[PDB]
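Read the single chain below, which is given as structure tokens and is the form deposited in one PDB entry.
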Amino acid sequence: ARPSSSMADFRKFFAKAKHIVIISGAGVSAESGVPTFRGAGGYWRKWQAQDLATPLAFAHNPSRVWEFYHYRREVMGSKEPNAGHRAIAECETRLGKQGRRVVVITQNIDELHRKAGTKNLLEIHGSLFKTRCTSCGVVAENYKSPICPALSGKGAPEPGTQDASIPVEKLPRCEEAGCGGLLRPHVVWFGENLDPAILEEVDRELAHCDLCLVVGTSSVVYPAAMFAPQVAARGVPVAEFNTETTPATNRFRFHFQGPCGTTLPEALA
């Protein structure tokens, strides 16, 4: 069931849409130079993101998981939103002044949509720049470089790099009085439940959508991979913007190849 590659046709749908949902994934961050540690060429040491972003990995080797997230936090300091992020933010602003809604549902944890100025933003998997205490549950913003002294200079990505093996007491710890708990990234890991309040907001946006754009996602991680297919199955137009086809491509009305930073400025003008 081959989707259309006609931008002119897509633009006629775009012109009429009053409730656009944009779902974004790791490819949009990759176009800003962010290492995603997914796909055929994405590895930190000898692992991919889905090997380390798990409760079991964190239970068995919290130092290694923290090294991985520390590396990613520090690299992000030098990364900026790309033309795709900017086109999405500019579109939201322009349509909002016309009484038309754009909402971004991002799988990404990098805060690049936020940095680009997107306002209607659902970060469905949390953030690299938030911590949660495993003892008291408090969630906090954390941009500190480095997040703790023991991690300074650690997290190097080359294969064969030795574990830092930081004692748990010297990994990031809660600073609330009397707690002292071990912090973790406030990131939804593989095997964990997404936040119910966020899923309810997603459900409402999808149910009312009249055009859905699926941008830079491989459509292999659930639940997010089912969002756009659910809309399409009700007849709602979906346009996939991706450098490759995915398992979901043939469910959608349009497929546009190339970097999202090249195609979205045209599509959303």
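Sequential numbering from 1, following the sequence displayed. Take the two forms, superpose them, and find the largest set of C-alpha atoms that agree within 1.5 Å; that set is the rigid core.
Beyond what is shown, the protein has a form deposited in another entry; the following relates to that form.
- Core-based superposition between this form and the one not shown leaves all of 39, 223, 33, 55 but one with CA shifts under 2 Å; the exception is 39.
- The distance between the CA atoms of residue 155 and residue 37 is at least 3 Å longer in that other deposited form than in the form shown here.
- Legend note: Cα of residue 41 to Cα of residue 129 is at least 3 Å closer in that other deposited form than in the depicted form.
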